[PDB]
Every structure is written in structure tokens, then in C-alpha cells.
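First the structure, in the form of C-alpha cells, and then the observations on it.
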Amino acid sequence: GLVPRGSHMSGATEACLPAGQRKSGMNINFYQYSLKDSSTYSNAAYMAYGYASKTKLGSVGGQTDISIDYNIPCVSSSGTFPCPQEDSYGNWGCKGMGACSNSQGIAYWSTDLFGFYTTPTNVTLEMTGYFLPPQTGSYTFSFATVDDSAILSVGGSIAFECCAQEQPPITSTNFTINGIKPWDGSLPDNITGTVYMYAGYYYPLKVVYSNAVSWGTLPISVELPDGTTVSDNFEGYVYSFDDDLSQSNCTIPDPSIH
Ligand SMILES: [Cl-]
Ligand SMILES: [Cl-]
Ligand SMILES: [Gd]
């Protein structure tokens, strides 16, 4: 037929065409989160939107390197250096540093999260922007591991509303990757979510990440339709647009027929 039939039962992921000035990178908003609170971040509502009802600490924009790798200090015989989690041992030392005199259970202050001075031991952050597929097809997003709790959402009315990136979070819990810290135990590594995307449309993207204590980890990747993998540095794929709530045509509910 003259036209494609469209994804079945309106199943295409909603995307956007913002007409404003495109900016490289994602916006990162930071919110208060309590040290050693292992329960708040176990709730879907909290991870989708509830985080923004706590105190906003600040923000940084234009971030293209979006992976989290936060290692606590080891106060060692030779000075204070960050300890890779896999190198921590005993009660406690860090391999190649000897015994550490400092507690694993207190808050620590650092700029390791996107240059923003905060407590990476205990914080919640929201990354927002738009993913621009250069290729039409299936994209598979993944978290290699999660310390401590995280979601990733893709699409208009899932991540956020088109042309409304800067607005209070929407209530959708239809996560693309659910890496929420379980109540009982934890969850596997390399948790994944797949989205079919049309080249040249802007797909809203939200990552919400939380840490309660010590090490923070969120290695973010995407597998492209060509089978190659982009890890950590999403330069060329992620962008921000200032809100334009007046741009009437901004939402594309079905890019499969637009
Ligand atoms: Cl350090
Ligand atoms: Cl050692
Ligand atoms: Gd942690």
C-alpha cells in the first residue's frame, strides 16, 4: 500500500520534534536522599517522580558522559585515595593502599557526579534530555550493574512530555529499564530494555539514579541497530531543549506514520 500500516494497537514509542535551539548533553537535577535509607528508593512512585518532592540541591547541564562510577575514599598510610569497590577487603583496607582508617558508613562530599559538589554516598539524581537515533531500528539500553537503585525511561509521556523537558516529573512508572533495588535481596547484572526508534526523531530520555551508602555505580550503554555498543559517553546521541510549552506540533505520537 501507498503508506506503512503503523505499529499494531498504537504501539510505537512517542517521540518529538522540538523546533528550538538544540544543546548538546543531558540536564542533571540533584535531590536530597538520606544516608542509609534502604527503603525510600525501593518504591516505583519515588523513582518515577517522588524524588522531586525532596529538596532540590542544584543542577548541571550539557552532560554527555552519563555513567556513574563513584568510589569512596580510603584514608590510607600514604594519603586519601578513592577505592575501587572490588579492591576493598577486610574491615577494611583497599588493595595496594593497606588498611583504611575511615568509615564506609558515613556521608562523603565529592564532585565525582558530573562536577557537582554533593554527597555521592547518598543522593538522588534525574538525568533528562532527548535521544536522537541516527539509524532506524531496535535499540537496547542497559545498566551493567546498579549501586543502588535506578530506572531508565524512553518516550513521550513515559520519560517526560515533548517540549517540556524542564517540567516537574510525570507520573509514568512504565520504565524501559527497571533497576529499582528490590526489598528482598538485589537483582541481576546487565538489566536491559529495548525500544524501536525512528531515525531523526527526538526521544525523551529520563534516568533516575539513587545511592544510600558508600559505592555508587551505573554503567549506561546502548546497543544500536547495527549491533555496535555505545558506552558511557553519549556525545552525538543526547541533547537538551529549553521548554517550549507553546510549540503545538512538538509531539509525534506515532513516528511509524508521521
Ligand atoms: Cl578520595
Ligand atoms: Cl593492601
Ligand atoms: Gd551504594
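Here's how to read the names in the C-alpha cells: chain A, B, ... by the order shown, residue numbers from 1 in each chain, ligand numbers from 1 in the order shown.
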Contacts of chain A with ligand 3 up to 7 Å, shortest pair per row, only C-alpha atoms and all ligand atoms, as a tab-separated table:
```
residue	atom	partner	partner_atom_place_in_ligand_line	distance
A:121	CA	ligand 3	1 (Gd)	6.5
A:147	CA	ligand 3	1 (Gd)	4.7
A:148	CA	ligand 3	1 (Gd)	4.9
A:211	CA	ligand 3	1 (Gd)	5.0
A:212	CA	ligand 3	1 (Gd)	5.5
A:213	CA	ligand 3	1 (Gd)	4.4
A:214	CA	ligand 3	1 (Gd)	4.7
A:215	CA	ligand 3	1 (Gd)	4.3
A:216	CA	ligand 3	1 (Gd)	4.8
```
Take the residues just selected and output them with C-alpha atoms as an mmCIF file, in the first residue's frame.
```
data_model
loop_
_atom_site.group_PDB
_atom_site.id
_atom_site.type_symbol
_atom_site.label_atom_id
_atom_site.label_comp_id
_atom_site.auth_asym_id
_atom_site.auth_seq_id
_atom_site.Cartn_x
_atom_site.Cartn_y
_atom_site.Cartn_z
ATOM 1 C CA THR A 121 27.153 8.302 49.060
ATOM 2 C CA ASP A 147 24.532 0.619 43.150
ATOM 3 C CA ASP A 148 21.942 1.342 44.487
ATOM 4 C CA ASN A 211 22.503 5.873 46.277
ATOM 5 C CA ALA A 212 22.058 5.269 50.029
ATOM 6 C CA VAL A 213 25.589 4.408 51.176
ATOM 7 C CA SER A 214 29.222 4.034 50.020
ATOM 8 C CA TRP A 215 29.875 2.992 46.377
ATOM 9 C CA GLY A 216 27.764 4.345 43.539
#
```
Hey, which bits of chain A sit within 6 Å of ligand 2, and for each residue what's the closest pair of atoms and how far apart in Å (one decimal), counting only C-alpha atoms and all ligand atoms, rows by chain and increasing number, as a tab-separated table?
```
residue	atom	partner	partner_atom_place_in_ligand_line	distance
A:94	CA	ligand 2	1 (Cl)	5.5
A:95	CA	ligand 2	1 (Cl)	3.8
A:96	CA	ligand 2	1 (Cl)	4.1
A:97	CA	ligand 2	1 (Cl)	4.8
A:98	CA	ligand 2	1 (Cl)	3.8
```
Export C-alpha atoms of the chosen residues as a PDB file, in the first residue's frame?
```
ATOM      1  CA  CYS A  94      41.963  -1.191  49.845  1.00  0.00           C
ATOM      2  CA  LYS A  95      44.293  -3.351  47.705  1.00  0.00           C
ATOM      3  CA  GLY A  96      47.610  -1.553  47.218  1.00  0.00           C
ATOM      4  CA  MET A  97      46.815   1.013  49.991  1.00  0.00           C
ATOM      5  CA  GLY A  98      46.818  -1.039  53.226  1.00  0.00           C
TER       6      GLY A  98
END
```
Report task. Give the answer as one residue: which of A:106, A:199, A:74, A:144 has the shortest atom-to-atom distance to residue 91 in chain A, using only C-alpha atoms? Result ->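 Of the candidates, the smallest distance to residue 91 in chain A is held by A:74.
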Query - Within 6 Å of residue 119 in chain A using only C-alpha atoms, minus same-chain residues under 3 positions, as a ChimeraX atom specification - result: /A:108-109,122
Could those residues be written to a file, using C-alpha atoms, as a PDB file, in the first residue's frame?
```pdb
ATOM      1  CA  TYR A 108      31.309  11.743  51.770  1.00  0.00           C
ATOM      2  CA  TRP A 109      31.485  15.034  49.763  1.00  0.00           C
ATOM      3  CA  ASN A 122      23.554   9.460  49.458  1.00  0.00           C
TER       4      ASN A 122
END
```
Query raised in the report: Do you know which residues are at most 10 Å from residue 141 in chain A counting only C-alpha atoms, after dropping those on the same chain fewer than 4 positions away, and could you put them as a PyMOL selection string?
Result: chain A and resi 152-154+176-177+190-195+220-224+229-231
